[PDB]
Amino acid sequence: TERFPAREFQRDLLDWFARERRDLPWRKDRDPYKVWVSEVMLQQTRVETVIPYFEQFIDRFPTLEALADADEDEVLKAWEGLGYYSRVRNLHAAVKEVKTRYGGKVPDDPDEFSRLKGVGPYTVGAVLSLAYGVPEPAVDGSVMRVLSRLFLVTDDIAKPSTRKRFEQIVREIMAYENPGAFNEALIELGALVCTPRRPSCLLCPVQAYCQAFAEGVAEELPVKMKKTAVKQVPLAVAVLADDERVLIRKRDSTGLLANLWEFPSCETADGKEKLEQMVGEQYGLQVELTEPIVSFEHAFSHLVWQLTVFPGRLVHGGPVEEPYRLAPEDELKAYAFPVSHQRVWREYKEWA
DNA sequence: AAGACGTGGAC
DNA sequence: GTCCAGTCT
Ligand code: SF4
Ligand SMILES: [Ca+2]
């Protein structure tokens, strides 16, 4: 970027930003903890989705120390529905490490902050630039689009060599007087103006510096790979009631939807049979199912569940063995369920 | 490294 | 219906 009028670019970008910057809950102050939380929540999740989750989370866990001391169950429930749930296990671990190793002070050194679980190259830039003024780039998906257009970067943005290129662009053009403002403005541009399709280039404060605008190829950029097809996964789910409460179980601490509660379920096309062999395997449990009541798909980034719900009734001769639990209906909202199984419940509840 | 890892705003 | 808003190791 040797012929790039960085100072004029910065002026124009940061004058636009002060006029148009959205009033968002995590912009109300620059507390390193609250900034960090918002930036974890914001990973692969849109601002408007995050807003109510951030507000509730901080009401519940208002300080790094208050989060570090909380039970893992209450932390997970606070994330219920947001997706990519290891973010919150990682953040939880990271705040405990900050509390013990760093005295409850978020490290302002990039290497030390990035060593915390959950903190990748985007989060280290976003948190340190915003809370501490550190001039680290905060290159997210939208920034990569903006910079690919401004500087006509025609390389696949998934490559490390492209990422290094974007990081180098940002270091050359950044306003070291206000790196947090500069980083937020590039993101904000990508969100309200330089959008994936039909960018509002005529409304764009940096149109004069944009090579893709000049050559007329904004919409061919950035260069990404088409997403491959994802495995579809037949999943039989059983909603069982003893009417004396409903049978649920907690998932594994590892892997998909770890530590979330679910209705008993089995992968397969004889769902009625496969589920009966499973539930009976448990201690003192006897079950008989009903005809299915609904079938629906639930998508993940890497696979797609094809859920088939089966209602049924239970008969326990005593305690229900871990990992299983009996829960009165009234008490289900207390547990953390994936969205797929939240739907399972709503479909079974209206089915009556 | 590749692939695992959730969900829905915005259109 | 399709895109796309990051980190693990
Ligand atoms: S002129 Fe258009 S393509 Fe270039 S930065 Fe602005 S909105 Fe994006
Ligand atoms: Ca890191």
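Chain letters run A, B, ... following the sequence lines, proteins first, then strands; residues in each count from 1. Only heavy atoms go into these numbers, but all of them, side chains included; no hydrogens, no water, no symmetry mates.
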OP1, OP2 of [N] versus side-chain N and O of [X]: anything below 4.0 Å?
| X | N | value |
| --- | --- | --- |
| A:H298 | B:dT7 | yes |
| A:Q43 | C:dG6 | no |
| A:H302 | B:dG3 | no |
| A:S301 | B:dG6 | no |
| A:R145 | C:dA5 | yes |
| A:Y122 | C:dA5 | no |

Rounded distance in Å - [atom1] ([X]) to [atom2] ([N]):
| X | N | atom1 | atom2 | answer |
| --- | --- | --- | --- | --- |
| A:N90 | C:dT9 | CG | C1' | 11 Å |
| A:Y53 | B:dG9 | OH | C1' | 13 Å |
| A:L24 | C:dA5 | CG | P | 16 Å |
| A:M225 | B:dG3 | CE | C1' | 14 Å |
| A:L256 | C:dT7 | CG | P | 21 Å |
| A:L82 | B:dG8 | CG | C1' | 10 Å |
| A:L192 | B:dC11 | CG | P | 11 Å |
| A:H341 | B:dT7 | NE2 | P | 10 Å |

Checking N1-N3 plus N6-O4 or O6-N4 for Watson-Crick, or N1-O2 and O6-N3 for wobble, each under 3.5 Å, the partner of B:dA2 is none
Taking a pair to mean Watson-Crick or G-U wobble geometry with both distances below 3.5 Å, B:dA10 pairs with C:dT2
Is [Y] paired with [X] through a side-chain N to carboxylate O contact shorter than 4.0 Å?
| X | Y | result |
| --- | --- | --- |
| A:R163 | A:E167 | no |
| A:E136 | A:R171 | yes |
| A:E184 | A:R27 | yes |
| A:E65 | A:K99 | no |

Anything under 30° is parallel, anything over 60° is perpendicular, the rest tilted; go ahead and classify A:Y348 against A:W345.
parallel
Can you find a donor-acceptor pair, distance only, under 3.5 Å between A:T45 side chain and B:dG6 base? yes
Regarding the side chain of A:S142, the nearest nucleotide among B:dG9, C:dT7, C:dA5 is C:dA5
From the candidates B:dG9, C:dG6, C:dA5, the one with an atom nearest any side-chain atom of A:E48 is B:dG9
How far, in whole Å, is C:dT7 from B:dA1 if one measures between their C1' atoms? 14 Å
Inter-nucleotide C1' distance (C:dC8, B:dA2), Å rounded:
12 Å
On DNA chain B, more 5' by nearest nucleotide between A:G255 and A:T49 is A:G255
By nearest-heavy-atom nucleotide on DNA chain B, the more 5' of A:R46 and A:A258 is A:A258
task = Determine, using ring centers only, whether A:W36 and A:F113 are less than 6.0 Å apart.
result = yes
Which part of the nucleic acid, if any, lies within contact of [X], taking any heavy atom under 4.0 Å across all strands shown: a base, the sugar-phosphate backbone alone, or nothing?
| X | value |
| --- | --- |
| A:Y84 | base |
| A:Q44 | base |
| A:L257 | sugar-phosphate |

